[PDB]
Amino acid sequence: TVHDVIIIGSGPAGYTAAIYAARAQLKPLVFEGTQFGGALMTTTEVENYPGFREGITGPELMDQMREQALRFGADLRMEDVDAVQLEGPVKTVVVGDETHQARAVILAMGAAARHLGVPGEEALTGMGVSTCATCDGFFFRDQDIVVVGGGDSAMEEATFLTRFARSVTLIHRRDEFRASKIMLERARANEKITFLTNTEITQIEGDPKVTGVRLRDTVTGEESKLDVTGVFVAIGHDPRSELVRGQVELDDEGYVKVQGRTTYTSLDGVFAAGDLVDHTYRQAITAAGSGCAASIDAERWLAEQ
């Protein structure tokens, strides 16, 4: 059995691709992962996804997406793809000890937001801990919050957040910043931002919601506690391109490269969508749009064969 298309991933990109591919009668085979449903499965309210005047929880939205794909005939498998062979007319994916083949493959594996890896970070996610100022910054009006990170990301998150927060404490483990000079001086100029260099978070405290962070000086080991009600983690993003490295061309940070304003990768018959590709917008709606484009690309490419 060689399927028309296999989709790898189950966030907004993968499900929107599945919906279009299934409605186009391509009978898409979709490997969702055991941690299925993408990044929104790990948040609370999604308010900026257009179509929901009163908002919707992340898992609610993602299950609508999933049931929609099922209704049009997508074959969904809650399993991880462990290896792929993407070159040539017949592509193979390996899932444990099982193999599946297709003429076209849509890569929708997303990007992981780097975690601090400290106690309290996972439990207080959506309860004071966030990875996205555009997404959740709204909810921290007149509060004291922290932003963790030393790059342009952290700089942009911290400066953006000062239009809501009472104060923003920007925490970085070194005394040097990898942020561009312009981004670093914008934050320095902002009166609502205080810099804590040579500082790491060791724990996030909070009884149902974030109430404070425990800090450590990375040079002296001095520790203290900071009273805050928000923690924005901006220590970077890792595109999940490990499966396809050495097969599809990646950029220097691991993102899958695509041709022009399409989803075509460097390999014939292989298309890529979502935050696996986009290091600029990183929203559910942009990921959803690009998964629709990937499926239209694939259908058009399949018709050419």
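Each residue number is its position in the shown sequence, starting from 1.
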Greater mean Cα temperature factor according to the PDB record, 267-275 or 43-51: 43-51
Per the entry, higher mean C-alpha B factor between 203-211 and 159-167: 203-211
Identity of residue with top Cα B-factor, from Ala104, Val95, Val147, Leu124: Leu124
Residue with highest C-alpha B-factor in the PDB entry, from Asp82, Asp175, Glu79, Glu87: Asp175
Chain-relative CA temperature factor third for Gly260: middle
Third of chain Cα B-factors occupied by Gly236: highest
Where the record places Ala112 (Cα B-factor, split into thirds across the chain): middle
